[PDB]
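The chain below stands alone, shown as structure tokens; this is the form deposited in one PDB entry.
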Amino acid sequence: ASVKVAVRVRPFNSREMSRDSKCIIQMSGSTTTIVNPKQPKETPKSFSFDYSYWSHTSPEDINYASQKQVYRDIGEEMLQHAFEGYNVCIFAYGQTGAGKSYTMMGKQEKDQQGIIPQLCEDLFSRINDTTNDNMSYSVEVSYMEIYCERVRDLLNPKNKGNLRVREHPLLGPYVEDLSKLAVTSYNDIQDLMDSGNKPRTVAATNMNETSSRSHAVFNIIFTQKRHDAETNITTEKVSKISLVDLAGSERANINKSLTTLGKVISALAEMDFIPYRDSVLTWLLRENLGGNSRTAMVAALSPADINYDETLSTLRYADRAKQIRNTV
């Protein structure tokens, strides 16, 4: 199953408006076109993706791509696979301030909530709508940050241990002693999500906002138990959902995981060895990038002329990822 890829351009932001930036991005169907502001004499480069989301204007536009479309397209599709019994993964990629957090977390208001909130909500809604008493559920969550190769429990900032990433001799990679909490309602999960968001590492270089060098991985362990009065054995289906918000693509080493992710994606796109263990990110996400899992990428794009190089680079790496195929 191919890694599905979407790209999304946001409206100008303060930095761009202050330099009178023009828009160098265009979309139509599933195709995204980028113009080169420095060399207007060349022909615009175009890429095609599963989805090319135009969110450059405002929800008052008939053509604005809303947090709801985005989720109903890729988010919903993955949740359904999770229910099928498939592990899934969605990660946001892009230059700092491109729109990664907004797309993944968004803002809890004006129906401005991103993929994570909507998926969690959608998930409990479905669970509570079950009418077959032979089915019972379990939902566990974990939330971590990876900053400079260091892993931190975001749901338990009451422990400074930089959790160690271990390779289980038989079951794969796992963060040692990372808290896994049972949640029985959307409100509860959303509270953990909220506290977790504040625990994230900040940086003075970012005006003390969340460091553009931290990766956040939100995981859900969805267990389905199906019982039937007969032989009396309850069968179990366990799906792991990984929702990832990555550090800026160009915003014990600072950029190891991101550079390594790039190599792993290129390698995988070419292949169809891979340096998974070269970084904690690619190591933990090994099975989501080539392994047994349905996966998707959402690449955030700045629409500004001043970010051409970084945006072209994001489009290129997104184009690559489109060629990856996992073995599920």
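The numbering used is simple: start at 1 and walk along the sequence shown. Whichever C-alpha set is largest while still superposing within 1.5 Å between the two forms counts as the rigid core.
Another form, the form deposited in another entry, is not on view; read the next lines as being about it.
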| item | value |
| --- | --- |
| From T205, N128, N187, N132, residue displaced between the shown form and the other one - CA threshold 2 Å or more, rigid core | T205 |
| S266: Cα shift of 2 Å or greater between the shown form and the other one (core-aligned) | yes |
| Large Cα shift (2 Å or above) at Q39 between the shown form and the other one, core-fitted | yes |
| Yes/no, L289 Cα shift of 2 Å or more between the shown form and the other one with rigid core fixed | yes |
| Cα separation of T205 and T311 in the other form versus here, shift of 3 Å or more | farther |
| Distance direction in the other form for the C-alpha atoms of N206 and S302, relative to the displayed form (3 angstroms or more) | farther |
